[PDB]
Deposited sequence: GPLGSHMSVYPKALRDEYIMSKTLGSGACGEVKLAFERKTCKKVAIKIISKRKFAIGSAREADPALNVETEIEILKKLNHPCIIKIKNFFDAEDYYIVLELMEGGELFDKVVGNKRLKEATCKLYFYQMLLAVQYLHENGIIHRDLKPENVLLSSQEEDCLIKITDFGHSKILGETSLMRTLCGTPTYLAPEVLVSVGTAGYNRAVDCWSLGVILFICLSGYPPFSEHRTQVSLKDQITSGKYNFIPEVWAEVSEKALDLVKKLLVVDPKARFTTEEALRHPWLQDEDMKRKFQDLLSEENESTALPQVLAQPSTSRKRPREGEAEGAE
């Protein structure tokens, strides 16, 4: 086989898988998760992670640059959201709402901070516990981008020599963040129905053509169990035109998210997580 770097071994006792491994911080005897990336773009991912501070975004605890990259992260005992939706499995509407609300807060925080994830999927959504009512965290910032652009500098001069395709691109520039809202729409569709909106399964139309047209597969029997408000939100995120597509703010103001009970349950989970870290405060 091979061995772990001495620097890692100095601080952690390595254990079983879920490349992610379980490890114990020697100083605290606390469980951690160690992400092993095969061997530079990882340094930017580290840089992004170190700067972000949100309860629905994964936190980096340590980093080791050796024969491979070792990323020490907070352990999520609930695993991936993928495991909850795989093989036609579906979540109860109330659970979709609690998880989705947190995904929206996380993505709104990202967008506010000039970061686009670009790889939102159930595999990149982690659950804090094996309980249905838990905290979620967004992970896998490898494909992420940082939002002055080259276009702004180009527009500052006279366009005597400027190409038409550049001037045409001014219409859509600054809408890259909308790709995350589309991904959230697909995640929400999957969570509610237990099936993907766009697939090659039992269809003639190509996966590409389904997406560009925005003609998702609607199965009435599956969706009758789901509320009209939840489906209305999906429809608003699954809008082909990125400029018309719902933003995280528009999604957060949607009737489906105006649920005081769901919001209370989230604030409750937050308080419970923070209970171990809370310092006495000035009264």
(message) Checking coverage: what stretches of the deposited chain sequence are missing C-alpha positions?
(response) 1-6, 25-30, 52-65, 174, 311-329
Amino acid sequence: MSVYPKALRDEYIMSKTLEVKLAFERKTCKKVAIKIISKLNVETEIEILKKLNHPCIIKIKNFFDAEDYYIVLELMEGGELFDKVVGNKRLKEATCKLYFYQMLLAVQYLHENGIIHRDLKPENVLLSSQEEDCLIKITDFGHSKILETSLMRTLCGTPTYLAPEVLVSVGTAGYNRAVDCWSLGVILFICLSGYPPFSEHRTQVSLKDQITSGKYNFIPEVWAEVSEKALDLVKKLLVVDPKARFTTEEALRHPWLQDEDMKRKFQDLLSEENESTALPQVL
From here on, numbers count along this sequence of modelled residues.
(request) Compare the other PDB entries of this protein and indicate whether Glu148 is left unmodelled in at least a third of them. (result) yes
(message) Considering only other entries where residues before and after it are modelled, is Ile60 without coordinates in at least a third?
(response) no
(message) Comparing average C-alpha B factors as deposited, tell me which of 109-117 and 150-158 sits higher.
(response) 150-158
(request) State which stretch shows the higher mean Cα B factor in the entry: 82-90 or 95-103. (result) 82-90
(message) Among the choices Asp232, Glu249, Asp241, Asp65, identify the one whose CA B-factor in the record is greatest.
(response) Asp65
(request) Report the option among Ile60, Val222, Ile57, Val32 whose CA atom has the maximum B-factor in the deposited record. (result) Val222
(request) Taking the values exactly as deposited, rank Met76 by C-alpha B-factor within its chain and report the matching third: lowest, middle or highest. (result) middle
(request) Sort the modelled residues of this chain by their C-alpha B factor and say whether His201 lands in the lowest, middle or highest third. (result) highest
(request) Would you mind ranking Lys16 by its C-alpha B-factor against the rest of the chain and naming the third, lowest, middle or highest? (result) highest
(request) Could you say whether, by C-alpha temperature factor, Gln130 belongs to the lowest, middle or highest third of its chain? (result) highest
(request) Can you work out whether the C-alpha temperature factor of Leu52 puts it in the lowest, middle or highest third of the chain? (result) middle
